[PDB]
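Cβ coordinates were reconstructed from backbone atoms using ideal geometry, including for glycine residues, and neighbour counts include every protein chain displayed. Each answer follows from the model by the rule given with it, or from the source it names; nothing here is a laboratory result.
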Amino acid sequence: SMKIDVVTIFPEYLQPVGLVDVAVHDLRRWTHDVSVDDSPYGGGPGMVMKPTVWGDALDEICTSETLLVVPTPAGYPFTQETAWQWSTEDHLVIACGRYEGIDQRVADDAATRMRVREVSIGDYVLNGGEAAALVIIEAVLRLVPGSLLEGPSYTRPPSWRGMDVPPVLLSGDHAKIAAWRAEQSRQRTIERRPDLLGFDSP
Amino acid sequence: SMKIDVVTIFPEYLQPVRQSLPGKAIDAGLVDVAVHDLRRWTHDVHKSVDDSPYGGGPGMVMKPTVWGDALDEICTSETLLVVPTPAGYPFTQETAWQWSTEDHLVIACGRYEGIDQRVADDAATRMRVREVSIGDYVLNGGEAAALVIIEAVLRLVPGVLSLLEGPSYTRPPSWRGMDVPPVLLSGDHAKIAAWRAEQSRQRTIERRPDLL
Ligand SMILES: CC(C)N1CCN(Cc2ccc(Cn3ccc4ccc(-c5n[nH]c(N)c5C#N)cc43)cc2)CC1
Ligand SMILES: CC(C)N1CCN(Cc2ccc(Cn3ccc4ccc(-c5n[nH]c(N)c5C#N)cc43)cc2)CC1
């Protein structure tokens, strides 16, 4: 059983969402002035989300048992191992940042009370944490109770536009099929992800 | 000026993209994102998009005939066809930069075990095709990957949307017993830059030693 709370200033973005429930919260619900961001101390372009409103939101939503997940391009990598680890958690809270990110003290303060994980879903830049939250939720939820790249897959018809399904796949020879699929997998891995086999990246 | 077509059996999943597009960019004709239900191209009354895998095994494979028709209609020779797949080449910021100058992206979202390989192979004989993965985790299908790709690419298109960055701070200067690092308030901007560089170095070593 898992509860996931997502906190964001763009709740509309999270709409692509019995053993698990997901709730989306508008961060602005915790403001009292009639501004969630300001210029960074030390200078630089763009804006930083103030810790104040985040603190109030997380105070209400989180407990000491919560795993606080904070997407950030500067995070530890989020991988399938991470997804397995998080799949048995009772409560994930995903704090989605915007602008140039969230004041570091939010994560620091939270860590005095609960476990906090700053993670990145990949080596590219997004405009905010929301798309990352969707990826994280999908990867985690498909593992909730109740190495090499996959090779190519085929289905009917056996000939299409003059392109044949590899004849071994029609042979019914399980061992030959297993061996061919292993070869395709190791072949694809060397070409596309040599790092997975401990080789230099292109 | 970019057109993105997305093909998926879950068009409602692509709602956030439409949500994040500024009216100014659309009205300026800088971007157009269209989402297409793959079932529009099915052949049968049951609107079938999947079938059992040759060679056996669990799961299902998306049908080449349906996908072939969809891509035939939507793609041209100038299209960059993007196919998310857990077996893809890595999608990185370099990829996003390259794709940000394209006239036409088509993103083919798979489900189940993926798409019959002949779809991409056939397409590759008359347009540029890119099978890519957005990270080392497993999703249910290509839609969440498409959301990530679209955002990373479009934010590099003017006015449409190394080391790790260290921590950032803003007001108030003191909060829950934690002061902003005094160096940031020092007015010594060479020192501030050096402090930020060291923070970046330390964070990269701790979180991403692979980048070093
Ligand atoms: C890699 C560094 C060297 N460069 C790049 C980052 N630059 C700063 C910068 C630029 C934009 C944003 C937008 N933003 C706001 C909140 C937020 C949360 C997650 C993500 C996010 N992006 N990519 C991922 N894999 C993410 C995850 N998970 C992005 C977010 C935040 C921060 C600085 C330079
Ligand atoms: C990774 C393999 C070694 N093992 C794992 C589990 N099985 C493979 C398997 C499992 C689920 C799916 C679901 N699926 C259908 C279409 C599709 C497109 C993209 C993605 C996707 N997942 N992760 C990414 N970074 C992606 C991207 N981009 C996933 C997709 C497709 C394939 C078998 C083996």
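Here is how the numbers come out for the structure above:
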{"item": "Test: A:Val144 is within 16 Å of ligand 2 (Cβ to nearest atom), out of contact with any helix residue (DSSP H, G or I) (no Cβ under 6 Å at 6 or more places or on another chain) and farther than 30 Å from B:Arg171 by Cα", "result": "yes"}
{"item": "All positions within region B:112-140 that are within 15 Å of ligand 2 (Cβ to nearest atom), hydrophobic (A, V, I, L, M, F, W, C) and more than 7 Å from every other protein chain (Cβ to nearest Cβ)", "result": "B:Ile115, B:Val119, B:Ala120, B:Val129, B:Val132"}
{"item": "Criterion violated by B:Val129 - all others in (1) touching a helix residue (DSSP H, G or I) at 6+ places or on another chain (Cβ under 6 Å); (2) assigned by CATH to the domain that holds B:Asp72; (3) within 12 Å of ligand 1 (Cβ to nearest atom) satisfied", "result": "(3)"}
{"item": "Condition met for B:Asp210 (closer than 30 Å to A:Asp200 by Cβ, touching an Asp or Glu at 6+ places or on another chain (Cβ under 9 Å) and part of a helix (DSSP H, G or I))", "result": "yes"}
{"item": "Residue within region B:59-77 that is in contact with a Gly (Cβ under 9 Å, 6 or more places away or on another chain), of a type outside the set (D, E, K, R) and within 19 Å of A:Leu134 (Cβ to Cβ) present", "result": "no"}
{"item": "Residues being part of a helix (DSSP H, G or I), among the acidic types (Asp, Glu) and closer than 27 Å to A:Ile136 by Cβ - total across region B:100-146", "result": "1"}
{"item": "Subset of region B:85-111 that is facing chain A (nearest Cβ under 9 Å) and within 12 Å of ligand 2 (Cβ to nearest atom) - its residue that is farthest from A:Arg186 (Cα to Cα)", "result": "B:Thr95"}
{"item": "Qualifying residue in region A:70-93 (condition: charged (D, E, K, R) and more than 30 Å from A:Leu148 (Cβ to Cβ))", "result": "yes"}
{"item": "Within region A:74-99, tally of residues that are part of a loop (DSSP other than H, G, I, E, B) and either surrounded by fewer than 18 Cβ atoms within 10 Å (Cβ to Cβ) or away from ligand 1 (no atom under 14 Å from the Cβ) (or both)", "result": "5"}
{"item": "Residue match in region A:119-131 (condition: under 13 Å from the mean Cα position of the chain (by Cα), closer than 30 Å to A:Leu197 by Cβ and surrounded by fewer than 15 Cβ atoms within 10 Å (Cβ to Cβ))", "result": "no"}
{"item": "Index of the failed condition, B:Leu156 passing every other in (1) away from ligand 1 (no atom under 13 Å from the Cβ); (2) surrounded by fewer than 20 Cβ atoms within 10 Å (Cβ to Cβ)", "result": "(1)"}
{"item": "Failed item in (1) surrounded by fewer than 21 Cβ atoms within 10 Å (Cβ to Cβ); (2) in a helix (DSSP H, G or I); (3) within 16 Å of ligand 2 (Cβ to nearest atom), with B:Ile149 passing the rest", "result": "(1)"}
{"item": "Any hit, region B:134-150, residues being of a type in the set (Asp, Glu) and more than 15 Å from ligand 1 (Cβ to nearest atom)", "result": "yes"}
{"item": "Count of region A:167-202 residues which are more than 8 Å from chain B (Cβ to nearest Cβ) and not in a helix (DSSP H, G or I)", "result": "8"}
{"item": "Which numbered condition B:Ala146 fails, given (1) outside the structural domain of B:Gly114 (by CATH); (2) among the hydrophobic types (A, V, I, L, M, F, W, C); (3) in contact with a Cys (Cβ under 8 Å, 6 or more places away or on another chain)", "result": "(1)"}
{"item": "Residue match in region B:57-69 (condition: within 19 Å of B:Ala124 (Cβ to Cβ), among the hydroxyl-bearing types (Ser, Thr, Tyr) and assigned by CATH to the domain that holds B:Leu139)", "result": "yes"}
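Let's see how each residue does on (1) more than 8 Å from every other protein chain (Cβ to nearest Cβ); (2) in contact with a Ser or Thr (Cβ under 8 Å, 6 or more places away or on another chain); (3) crowded, with 16+ Cβ neighbours inside 10 Å; (4) among the β-branched types (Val, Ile, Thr):
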residue	(1), (2), (3), (4)
A:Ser1	yes, no, no, no
A:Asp5	yes, no, yes, no
A:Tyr13	no, yes, yes, no
A:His25	yes, yes, yes, no
A:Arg28	yes, no, no, no
A:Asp33	yes, no, no, no
A:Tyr41	no, yes, yes, no
A:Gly55	no, no, yes, no
A:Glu65	yes, no, no, no
